[PDB]
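Shown next as structure tokens: one chain only, the form deposited in one PDB entry.
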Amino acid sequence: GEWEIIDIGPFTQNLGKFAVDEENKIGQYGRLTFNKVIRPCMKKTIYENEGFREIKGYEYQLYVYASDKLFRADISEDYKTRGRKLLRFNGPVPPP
């Protein structure tokens, strides 16, 4: 797929909240509090294995502050189902 840098407006902040809420169901870090998503935010547009530029879905790479610690979260979104999944959540990591 292609990658681009995207804004950290409300839509991006809500991806961060999604990531923290999903990580809180897992419980690996205990109960995290969402603060904010920071730059840079990277979005991948994913195409079907067949055709040219048939959009399957999206992936996001976020830097998210939760409980005052910086994490990396990877999120997938399927175009047809509108379903979001937390793929990975790791850290704490140093600031970019």
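Under this definition, the rigid core comprises the largest set of C-alpha atoms superposing within 1.5 Å between the forms. Note that residue numbering begins at 1 and tracks the sequence as displayed.
One more form of this protein exists, namely the form deposited in another entry; it is left out here, but the text below deals with it.
Does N49 move appreciably between this form and the one not shown, meaning a CA displacement of 2 Å or more on the superposed rigid core?
After core superposition, the C-alpha of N49 moves 2 Å or more between this form and the one not shown.
Closer or farther: how do the CA atoms of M42 and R53 lie in the other entry, compared with the form shown, if the change is at least 3 Å?
Relative to the displayed form, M42 and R53 move farther apart in the other entry - a change of at least 3 Å between their C-alphas.
Closer or farther in the other entry, the Cα atoms of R53 and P40, when the shift from this form is 3 Å or more
Those two alpha carbons end up farther apart in the other entry.
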